[PDB]
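Novice: First portion of the complex, with coordinates as positioned in the assembly:
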Amino acid sequence: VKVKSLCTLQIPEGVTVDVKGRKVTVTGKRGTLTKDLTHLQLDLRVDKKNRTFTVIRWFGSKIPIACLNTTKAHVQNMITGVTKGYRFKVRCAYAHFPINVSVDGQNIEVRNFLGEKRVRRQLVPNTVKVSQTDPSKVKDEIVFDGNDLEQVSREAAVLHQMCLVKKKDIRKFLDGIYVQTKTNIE
Amino acid sequence: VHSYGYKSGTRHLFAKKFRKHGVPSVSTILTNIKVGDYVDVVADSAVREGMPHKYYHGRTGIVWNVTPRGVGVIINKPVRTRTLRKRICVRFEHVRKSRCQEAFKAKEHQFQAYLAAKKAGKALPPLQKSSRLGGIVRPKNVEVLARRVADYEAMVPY
């Protein structure tokens, strides 16, 4: 076993990171994020003066050591969530039948996917903001905005997974609602 | 299948040794067998007359009867709960004088020789001492006994 293994992360100027019993809170502008990591069993420390977040695994084999670079990536993702945000641009692709997507307040309805009369409905949580772009600017685009990367995705994924072609060749019949760009809000 | 004749299962038993074939020699003819002598009964495969049964090959007993061309031997024979004293009739070519009492006869003659020397003022041989006693060992050559990597490489063929 390895006596001490650690990962180090740098905290920017406008964001504060707090740890208390494996529970991480990241507060920057544009919001605050929380992660419950009590399943991980690591030694997380924050140095406020030096603005650095450290996670240590004491006396670990390969399996527990893999969890400290996962933790560093998660805390990093909350830093760039409450500083820049997350914006996923998702486009509807079709060959013959237009995919009519109607975005109400936190509600998505998809019609005419491959000519089907069934309406696919998805309710987006209040922590993710969904909008439809102007068709003049770009045709058939839906944008998901939020602070949580794990929440902005899993709305683009749920939209993708519901417009899946069934009982047909998938190499042909490429219709669907695919995510094109994964960018930041600011 | 297997049959039970006089010479059944004697293929390797009644066979001459490699490059040791031939009828018995002159020293066998000139050997004197007397009544009361211990003899080994070992069948000569080249004679095939007066031959003993396969059981008595390798057995030794005392001579009880001497005959112009034959010798009578008493041999023990464990039969069920007791051993029988069997008198077999063989030719002289199938018996050898037995050295089974040679070490005992040599011990008896040593005692009489020792007695004679002791009674009449003679020097007896010094007594042998046990090799199992202790002592101080001064080693000329001392080596280290250990397993080496070369030992494992050697035992791998090809």
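Specialist: Done, it's in. Numbering: from 1, shown residues only, chains lettered A, B, ... in the order given.
Novice: Which secondary structure element is home to residue A:58?
Specialist: strand A:52-60 (DSSP states H and E).
Novice: Quick one: classify residue B:151 as helix, strand or coil.
Specialist: helix (DSSP: H, G, I helix; E, B strand; the rest coil).
Novice: That one: neighbour count?
Specialist: 9 (other C-beta atoms under 10 Å in any protein chain shown). All C-beta spots, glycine's among them, are computed from the backbone N, C-alpha and C.
Novice: now swap in residue A:145 and tell me
Specialist: 17.
Novice: Tell me how far it lies from residue A:164.
Specialist: 24 Å (C-beta to C-beta, to the nearest Å).
Novice: Residue A:177 too?
Specialist: 10 Å.
Novice: The two: who's more crowded?
Specialist: residue A:177 (24 against 11).
Novice: Just list the residues touching the more buried one, thanks.
Specialist: Counting by C-beta atoms under 8 Å, 6 or more residues apart in numbering or on different chains, residue A:177 makes contact with A:90-93, A:99, A:101, A:110, A:142, A:159-160, A:163.
Novice: Name only those of those that count as buried.
Specialist: A:90-92, A:99, A:101, A:110, A:142, A:159, A:163 (16 or more other C-beta atoms under 10 Å in any protein chain shown).
Novice: I'd like the residues you listed laid out as TSV, including distance to residue A:83.
Specialist: Listed next are these as TSV, based on distance: C-beta to C-beta, whole Å:
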residue	distance to residue A:83
A:90	23
A:91	27
A:92	30
A:99	34
A:101	30
A:110	33
A:142	24
A:159	26
A:163	32
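Novice: Just to check, residue A:78 is in contact with residue A:35?
Specialist: Yes. The pair residue A:78 / residue A:35 is scored as a contact, 6.6 Å apart, by C-beta atoms under 8 Å.
Novice: Pull up the overlap in contacts between the two.
Specialist: residue A:24.
Novice: which of these two has more neighbours?
Specialist: Neighbours of residue A:78 and residue A:35, each counted by other C-beta under 10 Å, are more numerous for residue A:78; the result is 25 against 19.
Novice: now for chain C, put it on the one above:
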Amino acid sequence: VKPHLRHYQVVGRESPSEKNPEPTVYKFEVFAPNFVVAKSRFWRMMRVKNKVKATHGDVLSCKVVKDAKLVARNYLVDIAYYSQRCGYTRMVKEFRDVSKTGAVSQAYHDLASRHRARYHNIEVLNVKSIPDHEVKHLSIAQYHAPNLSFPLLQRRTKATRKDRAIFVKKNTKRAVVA
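Specialist: With chain C added, the chains above now look like this:
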């Protein structure tokens, strides 16, 4: 806990005879639970190496070799074991211990757990204390740090056998059944 193997130096030879009036004296190094196993391992090496049987030889000494003072050290153990599938497998392993016997006892427990090897299928070739700069394994070299420290975490601290209890009040130390 103190090691279960002891450092033995068995000295012996073949019994002098007419063919060998002055036989060679052999010094053997073995780690064994007792001197009866030590003599058994000595005569196993004599038979399979020098073609000398225990019944045709004698033992000059079977004393225990004194341990050095207890110091945290790195020990290089050259060891081999036999399995039917692979034959003889010789490995060199590094251990952190305070004594030669402790390192070899550790190597026997190591070969048992990791390779299912028993004592009589194992042959120790060499054990020695090496400097920090000759250590190849990172798992051993991590204890050479001049300032090495770590917290004691996830520790199950059992009570003194006299003071152990069955039922204890939830947030106090008072024993209900003891």
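Novice: same question on the neighbour count of residue B:151, but with chain C included?
Specialist: Other residues lying near residue B:151 total 16 when counted by other C-beta under 10 Å.
Novice: ok so, going back, tell me the first helix or strand C-terminal of the strand holding residue A:58.
Specialist: Next along the chain from strand A:52-60, counting by DSSP H and E, comes helix A:62-79.
Novice: how many degrees apart are that next one and strand A:52-60 in direction?
Specialist: Going by axes from the mean of the first three to the mean of the last three C-alpha atoms, to 10 degrees, helix A:62-79 is angled at 170 degrees with respect to strand A:52-60.
Novice: And helix A:62-79, what's buried?
Specialist: A:64, A:67-68, A:71-72, A:74-79.
Novice: Kindly report the same for stretch A:15-33.
Specialist: A:15, A:17, A:19, A:22, A:24, A:26, A:28, A:31-33.
Novice: now do the same end-to-end measure for that stretch.
Specialist: End-to-end span of stretch A:15-33 (C-alpha to C-alpha, to the nearest Å): 11 Å.
Novice: Does at least one residue of it sit close to chain C?
Specialist: No. No part of stretch A:15-33 sits close enough to chain C to count as contact by C-beta under 8 Å from any C-beta of the partner chain; the gap is at least 13.0 Å.
Novice: returning to what we had before: nearest to chain C, out of the buried residues of stretch A:15-33: which one, please.
Specialist: residue A:22 (13.0 Å; C-beta to the nearest C-beta).
Novice: How much space separates that closest one from residue A:36?
Specialist: Taken as C-beta to C-beta, the span from residue A:22 to residue A:36 is 8 Å.
Novice: ok, now residue A:167?
Specialist: 41 Å.
Novice: higher neighbour count, the two?
Specialist: residue A:36 (10 against 5).
Novice: Spatially nearest residue to that one, not counting backbone neighbours?
Specialist: residue A:23 (5.7 Å; C-beta to C-beta, 6 or more residues apart in numbering or on different chains).
Novice: Identify the bridge partners of the closest residue to residue A:164 other than its chain neighbours.
Specialist: Closest residue to residue A:164 apart from its sequence neighbours, by C-beta to C-beta, 6+ apart: residue A:176 at 7.0 Å. Note on residue A:176: beta-bridge partners by DSSP bridges are residue A:93.
Novice: Put this one in as RNA strand D:
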RNA sequence: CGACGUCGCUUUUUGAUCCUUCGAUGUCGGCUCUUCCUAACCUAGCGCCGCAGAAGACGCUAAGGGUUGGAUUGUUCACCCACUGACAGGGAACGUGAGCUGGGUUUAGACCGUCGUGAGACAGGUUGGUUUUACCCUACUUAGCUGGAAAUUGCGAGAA
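Specialist: Take a look at RNA strand D, now in place beside the chains above:
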């Protein structure tokens, strides 16, 4: 999908054995009825294709539900006609005869062919040939009476 090789699983086939049963465990099939297995025929989901569509091949999780009507045959099988989403494969003493039936097997009558001098014999054909008993104990199905927390007692004291 898979030659030449090679490694297995199953006990729904036959063989091998001869352990139990010869003061007897009723011996085929069908009908009836329930249940279990999964090596999945249909039905629910899903991968992959030499996957355009339609139809389909291969595979995975899954035995909850379903899996027919008939001509010939005692037949299990077999074969054909027809419907269907489909008409999967098996076990339960080759499930099930004090549940039935008795077509077959399986006595005594009789005919045939072959065999035998003969009486007679034929996993050769043919026709006719008694299917007994529950009121006991359990198990199931309903139907009643009735004590009991120290599961009859202690007075032995615990309230969701």
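Novice: since we added RNA strand D, can you redo the neighbour count of residue A:145?
Specialist: Quick note: residue A:145 (other C-beta under 10 Å) scores 17 neighbours.
Novice: Excluding chain neighbours, what is closest to the spatially most central residue of chain A?
Specialist: Central residue check for chain A by C-alpha atoms, centre = their mean: the C-alpha nearest the mean position is that of residue A:149, 2.3 Å away. Computed as C-beta to C-beta, 6+ apart, the closest residue to residue A:149 that is not its neighbour in sequence is residue A:77, at 4.8 Å.
Novice: quick one: the strands in chain C?
Specialist: Here chain C has its strands, by DSSP state E, at C:6-14, C:25-32, C:57-64, C:73-83, C:87-97, C:122-130, C:167-168, C:175-177.
Novice: Mean neighbour count and distance to residue C:143 added to those, as TSV?
Specialist: Formatted as TSV, the strands of chain C follow (neighbours: other C-beta atoms under 10 Å in any protein chain shown; distance: least, C-beta to C-beta, whole Å):
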stretch	mean neighbour count	distance to residue C:143
strand C:6-14	21	24
strand C:25-32	22	23
strand C:57-64	15	28
strand C:73-83	19	8
strand C:87-97	16	6
strand C:122-130	17	13
strand C:167-168	12	38
strand C:175-177	10	40
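Novice: Next, format those as TSV and append distance to chain B.
Specialist: What follows is the strands of chain C, written out as TSV (distance: least, C-beta to the nearest C-beta, whole Å):
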stretch	distance to chain B
strand C:6-14	7
strand C:25-32	4
strand C:57-64	6
strand C:73-83	7
strand C:87-97	5
strand C:122-130	5
strand C:167-168	55
strand C:175-177	57
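Novice: Nearest to residue B:96 among those would be which one?
Specialist: Distance to residue B:96, taken as C-beta to C-beta, is lowest for strand C:6-14 among these, at 38.3 Å.
Novice: Sheet partners, orientation included, of that closest one?
Specialist: So strand C:6-14, judged by DSSP bridges, has these partners: strand C:25-32 (antiparallel), strand C:57-64 (antiparallel).
Novice: can I get those strands in a markdown table with distance to residue B:70?
Specialist: Listed next are the strands paired with strand C:6-14 as a markdown table, based on distance: least, C-beta to C-beta, whole Å:
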| stretch | distance to residue B:70 |
| --- | --- |
| strand C:25-32 | 61 |
| strand C:57-64 | 54 |
